[PDB]
Amino acid sequence: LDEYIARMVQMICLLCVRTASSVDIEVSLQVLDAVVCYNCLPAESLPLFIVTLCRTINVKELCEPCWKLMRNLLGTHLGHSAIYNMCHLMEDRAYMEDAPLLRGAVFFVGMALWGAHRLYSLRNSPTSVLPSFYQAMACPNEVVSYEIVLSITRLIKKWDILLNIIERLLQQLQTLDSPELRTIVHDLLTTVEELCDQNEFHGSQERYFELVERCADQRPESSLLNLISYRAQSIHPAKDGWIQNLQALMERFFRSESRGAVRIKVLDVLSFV
Amino acid sequence: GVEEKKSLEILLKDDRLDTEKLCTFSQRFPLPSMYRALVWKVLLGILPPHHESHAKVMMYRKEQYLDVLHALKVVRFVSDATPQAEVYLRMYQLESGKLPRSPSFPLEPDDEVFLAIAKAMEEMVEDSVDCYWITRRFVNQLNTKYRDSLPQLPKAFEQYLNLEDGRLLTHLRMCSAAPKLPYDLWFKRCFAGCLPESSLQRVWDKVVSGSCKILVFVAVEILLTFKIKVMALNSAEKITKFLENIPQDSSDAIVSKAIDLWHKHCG
Amino acid sequence: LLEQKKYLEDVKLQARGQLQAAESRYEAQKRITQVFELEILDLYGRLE
Amino acid sequence: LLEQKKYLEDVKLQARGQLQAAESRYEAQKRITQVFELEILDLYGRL
């Protein structure tokens, strides 16, 4: 069928792509898979059918190195439709145990994120697509959250407060997933995420949840200067009263603390007050 | 207790509407039904201790109510051919950000508990705006304030009816009906629907004013008030069905006894 | 002096209460905006 | 005591301004909310 030109005097094409689907689940690891995606290639060179199957079968492939082939296929596939993402997020149920599936799906969707927009033409609507990610994070797994953090960090390189609040909840569940699957990579990505957040902070248009997140992540994993800015913003309110808040901070950073530098800091703050 | 009613209105006379004065008033006295809703609004944070400000709070309430209703209309999640408890479900799930996608989606336990409370709340307070604020704050303080004691309520109920009636407890152990007694309707759903609403907010006075285990005592006072029907049975199915098909005769006396019960174990 | 102190305290309480009151409207409006854009993209999928 | 009275007036003024700022924020949010609602009806204009 590689001989096939995009002309269709026929109709059974939907059945032949059903066959391509049925068979691609088990093919060669580097050639017959190339052939089956190659036969999928001219599908877009023709009008097509309900292809939720095409979604669920052009997804568990991004793991193995074929990135450019699937990238081209899906990029040019995003024409004549947009509902791709819709069924993508409809794939956020009963699938908590499908790490490669969700991995590939959301990594591809990251096209809709600031990293690289090879389509650049569709309705952006990122706030809408976000909480689907919170759902997909219903089960803790390394690589999925990994691509998630990589995609969100790329996106944030830039408004919509809702965008913020959502991704806030996202990284909140992230930090919730940290104390259990204590890998020695996501620690970095998370804390450096806090950092770059503190850098675009000046034009962040975000809320103060950030600071209280440090209180949740008060584990010294977070950098020291992080804690410096933290105590600064946290004392910023205390001006006339709210003493209980002051002394709570005092506890959290004079009794329960190791780095004497921030101890000096909170102490001089108290002195100033 | 008309003198109690005048003491209540003089507690409400000052533009500094404390809650702990009202809290004690509740914990020692059931409230006038006409003024119940009102104090609950201040009991449940819906209104600050300063009544003159409640004017603006009402505007904020009516606004966040019209807004959510109009939105649900726009998205067509809710249809005007729905009930009062059901119409509020779209607003809750939404306000809680967990609004589903299919209007015909199945429901979850919290949904039914919240749905039951809304039906009971509608009977308690005629004002829809007041009811939305009340049910919201009530379910809230359930799941965030008193959820500390909600899972371990049946064991406490056994302990507290134990030293006051072991006869209606000893037979249960033999009955093999203990681990299947679903006090949820009476503890989590808080009697909403099984007992007559029009005569139920008496205990809910102290509840909304912060009585958590009091339902335990009311549960005690459902095994005392209806001992014969439960005793005339053994299997957990007959027991729990009778608990469901409980008559609607003397909830008054049940709550009146649970008053002294809660006074006996707690104070 | 003490009297002025307590006056200040009560006024602070009042103001903060009536403020978080409207903050509820704020939160609700953001939620309404959110679900809106959600269904927006939904029907965008439903469009063609 | 005079300084304390001045401080009370300043705090009352600060409270007034923060309220109005938050309200205006809600208004701005309302403009996007109403604009978003409109575009919804426009696309309804399809069917």
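Residues numbered from 1 in each chain as written, not as in the entry; some residues may be left out. Chains lettered and ligands numbered in written order. Part of a larger assembly, values for the part shown. Heavy atoms only, no water.

A few points about the overall build of chain C
Selection rule: Strands are runs of DSSP state E lasting at least two residues, helices are runs of H or I lasting at least four, and both sets are numbered from the N terminus onward. Each residue is assigned to one of three classes by its accessible area relative to the maximum for its type, calculated with a 1.4 Å probe on protein chains only: buried under 20%, partly exposed between the two thresholds, exposed over 50%. Note on areas: Shrake-Rupley with a 1.4 Å probe; residue coverage comes only from the protein chains shown. We count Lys and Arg on the positive side and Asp and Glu on the negative side, and we leave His and both chain ends out. All charge positions are set by atom: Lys at NZ, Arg at CZ, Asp at CG, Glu at CD.
Along chain C, the regular secondary structure elements total one helix and zero strands. Projected onto its principal axes, the C-alpha positions of chain C cover 70 × 10 × 5 Å. Looking at the 48 residues of chain C, the share that counts as buried comes to 48%. Accessible surface for chain C amounts to roughly 2,700 Å². Of this, 53% is attributable to carbon and sulfur atoms. Taken as two groups, the 8 positive and 9 negative side-chain charges of chain C have centres that lie 8 Å from each other.

Structural notes on the overall build of chain D
When you go through chain D residue by residue, the secondary structure sums to one helix and zero strands. Between the mean site of the 8 positive side-chain charges and the mean site of the 8 negative ones, chain D shows a separation of 5 Å.

Here's the deal with the interface of chain D and chain C
As a reminder, the rule being used: Only heavy atoms enter the contact rule, under which two residues are in contact if any of them lie within 4.5 Å. Once two parts are brought into contact, the accessible area they lose, counted with a 1.4 Å probe and summed over both, makes up the buried area. The rule for a salt bridge is simple: a side-chain nitrogen of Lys or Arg has to be within 4 Å of a carboxyl oxygen of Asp or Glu. N or O atoms closer than or at 3.5 Å make up a polar contact, with two conditions inside protein: a donor-capable atom paired with an acceptor-capable one, and, for residues adjacent in sequence, both atoms drawn from side chains.
Between chain D and chain C, the contact holds 20 residues from the first and 19 residues from the second. A buried area of about 1,900 Å², summed over both sides, lies between chain D and chain C, and 75% of it is on carbon and sulfur atoms. Put simply, chain D and chain C have one salt bridge between them. The salt bridge partner of D:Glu23 is C:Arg25, with a shortest N-O separation of 3.6 Å. Along the contact surface separating chain D from chain C lie two residue pairs in polar contact.

Concerning the pattern of salt bridges
For the structure shown, the criterion picks out 20 salt bridges over all chains. A salt bridge links A:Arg103 to A:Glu147; the shortest N-O distance between them is 3.0 Å. Highlighted residues: A:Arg103 in helix α6 (residues 99–109) and A:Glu147 in helix α8 (residues 142–155), separated in sequence by 44 residues. With a shortest N-O distance of 2.7 Å, B:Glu95 and B:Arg136 are connected by a salt bridge. Of this pair, B:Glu95 sits in helix α5 (residues 84–95) while B:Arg136 is found in helix α7 (residues 128–144), placing the two residues 41 residues apart along the sequence. In this structure B:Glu95 comes out as partly exposed when scored by relative accessible area, which is 28%. On the basis of relative accessible area, B:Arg136 is assigned to the buried category, the value being 15%. By sharing partners, the salt bridges in this structure join A:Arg182, A:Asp187 and A:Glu221 into a single network.

Describing the packing of aromatic side chains
To keep it simple, the criterion reads: Aromatic contacts are taken between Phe, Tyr and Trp rings whose centres are within 6.5 Å, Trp giving its six-membered ring; a plane angle under 30 degrees counts as stacked, one over 60 as edge-to-face, and the others as tilted. Geometrically, a charge over a ring is one whose NZ (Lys) or CZ (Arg) sits within 6 Å of the ring centre while staying within 35 degrees of the ring normal.
As enumerated under the stated definition, the model contains 14 aromatic pairs over all chains in all. Here the aromatic rings of A:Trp67 and A:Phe107 are separated by 4.6 Å at their centres, their planes lie at 50 degrees, and the arrangement is tilted. Residue A:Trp67 is found in helix α4 (residues 67–77), and its partner A:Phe107 is found in helix α6; the two are separated by 40 residues along the sequence. Residue A:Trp67 is classed as partly exposed on the basis of its relative accessible area of 43%. Note on A:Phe107: relative accessible area 26%, which makes it partly exposed. Ring centres of B:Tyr132 and B:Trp133 lie 6.0 Å apart, and the angle between their planes is 70 degrees; on these two criteria the pair is classed as edge-to-face. By the burial criterion, B:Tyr132 is buried, and B:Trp133 matches it. An aromatic cluster is built from B:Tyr65, B:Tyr88, B:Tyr132 and B:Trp133, whose rings are joined through pairwise contacts. Stacked on the ring of A:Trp242, the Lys or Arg C:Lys12 has its end atom at 3.2 Å from the ring centre.

Quick look at the packing of α5(B) against helix α6 (residues 109–124) of chain B
All names here are of chain B. So the rule is basically this: Where helices are involved, their axes are fitted lines through C-alpha atoms of the stretch in contact, as for all axes, and angles between N-to-C directions lie from 0 to 180°. By definition in this entry, angles of less than 35 degrees are roughly parallel, angles greater than 145 are roughly antiparallel, angles of 65 to 115 are roughly perpendicular, and the rest are oblique. When the near helix sits turned anticlockwise from the far one by under a right angle, the crossing is termed left-handed; a clockwise turn instead gives a right-handed crossing. Under this grouping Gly is polar, as are all residues other than the nonpolar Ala, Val, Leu, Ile, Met, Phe, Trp, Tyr, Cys and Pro and the charged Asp, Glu, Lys and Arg.
Axis separation between α5 and α6 bottoms out at 9 Å; the angle between their running directions is 125 degrees. Classified by the interaxial angle, the pair formed by α5 and α6 is oblique. In the crossing of α5 with α6, the sense of the turn from one axis to the other is right-handed. Residues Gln84, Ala85, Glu86, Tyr88, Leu89, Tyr92 and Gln93 of α5 form the contact with α6, whose own contacting residues are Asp111, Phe114, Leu115, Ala118, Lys119 and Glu122. Each residue belonging to the contact of α5 with α6 can be placed in one class, and the counts come to seven nonpolar, two polar and four charged.

Regarding the nonpolar core
Short version of the rule: We call a set of buried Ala, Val, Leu, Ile, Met, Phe, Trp, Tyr and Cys residues a nonpolar core when their side-chain atoms join them within 4.5 Å.
In this structure, B:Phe138, B:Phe157, B:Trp186, B:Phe187, B:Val203 and B:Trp204 are the most contacted members of the largest nonpolar core, which totals 99 residues. At nine residues, the largest contribution of residues to this core is made by helix α12 (residues 214–225) of chain B. Other than its neighbours up to four places away in sequence, B:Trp204 contacts B:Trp40, B:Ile117, B:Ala120, B:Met121, B:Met124, B:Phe138, B:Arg189, B:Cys190, B:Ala192 and B:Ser209. Counting residues in each nonpolar core, the second largest holds 16 residues, with A:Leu74, A:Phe108, A:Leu163 and A:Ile166 among its members.

Looking at the environment of A:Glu257
Residues and elements named next belong to chain A. Position of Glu257 relative to the elements: it lies in the loop between α13 (243–255) and α14 (260–272). For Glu257, a relative accessible area of 15% gives the class buried. Separated by 41 residues in sequence, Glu257 and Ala216 place their C-alpha atoms 15 Å apart. Beyond its immediate stretch of four places on either side in the chain, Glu257 contacts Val262 and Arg263.

Let's talk about the side chain of A:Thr175
Its place among the elements puts A:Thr175 in helix α9 (residues 161–177). Within polar-contact distance, the side chain of A:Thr175 engages the backbone oxygen of A:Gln172 at 2.7 Å.

Section: helix α2 (residues 20–28) of chain B
Every buried residue of α2(B) is listed here: B:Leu22, B:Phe25, B:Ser26 and B:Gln27. Of the surrounding secondary structure, the elements contacted by the buried residues of α2(B) are α1 (2–11), α3 (33–43), α11 (201–208) and α15 (251–265) of chain B.

Purely spatial values, then, with no claim about function.
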